[PDB]
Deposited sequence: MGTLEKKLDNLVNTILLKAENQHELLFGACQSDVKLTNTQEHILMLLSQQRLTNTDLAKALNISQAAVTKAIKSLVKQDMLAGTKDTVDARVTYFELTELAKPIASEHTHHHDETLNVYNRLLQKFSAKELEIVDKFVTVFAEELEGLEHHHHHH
């Protein structure tokens, strides 16, 4: 019962719960992002903290599945912007409020902690935040 182990479990459940429980999470969160405005491959890599290449994989699958449509900027031809299609919009929404609920779960969970206890939680989830880069 080192906290190290507790951490490794926590993450393991996060992965194994997602897995088991057709679109990737990447795909789901791309749709979610493009739900509130259109964006480049590059905004999206930035926003979601992933490779350009990973967006372009997901993007292409989405386009194959009629989810998404690329339409080029009329000042800079290099740039393409993606909109959702009608088929996607129900899907984006559904995922959007799946995420609204998980925030309540997070809120309720955090309520168990004094607001000074929480500054450690904040600190902790913050260093944990991007020690996940490697």
- Since the structure holds only modelled residues, which stretches of the deposited sequence does it leave out? 1, 23-34, 148-155
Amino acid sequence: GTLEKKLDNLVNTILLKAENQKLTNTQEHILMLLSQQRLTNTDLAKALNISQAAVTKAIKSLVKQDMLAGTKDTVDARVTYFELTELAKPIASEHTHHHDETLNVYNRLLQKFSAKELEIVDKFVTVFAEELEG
From here on, numbers count along this sequence of modelled residues.
- Query: Which wins on mean Cα temperature factor, 102-110 or 33-41?
  - Reply: 33-41
- Split the chain's modelled residues into thirds by Cα B-factor; residue 25 lands in the middle
- Temperature factor at the Cα of residue 7, chain-ranked in thirds, falls in the lowest
- Message: Going by the CA temperature factor in the PDB record, which third of the chain does residue 49 belong to: lowest, middle or highest?
- Response: highest
- Message: Using only modelled residues of the chain, where does the Cα B factor of residue 72 rank: lowest third, middle third or highest third?
- Response: middle
- Message: Quick check for you: using the entry's CA B-factors within this chain, is residue 61 in the lowest, middle or highest third?
- Response: lowest
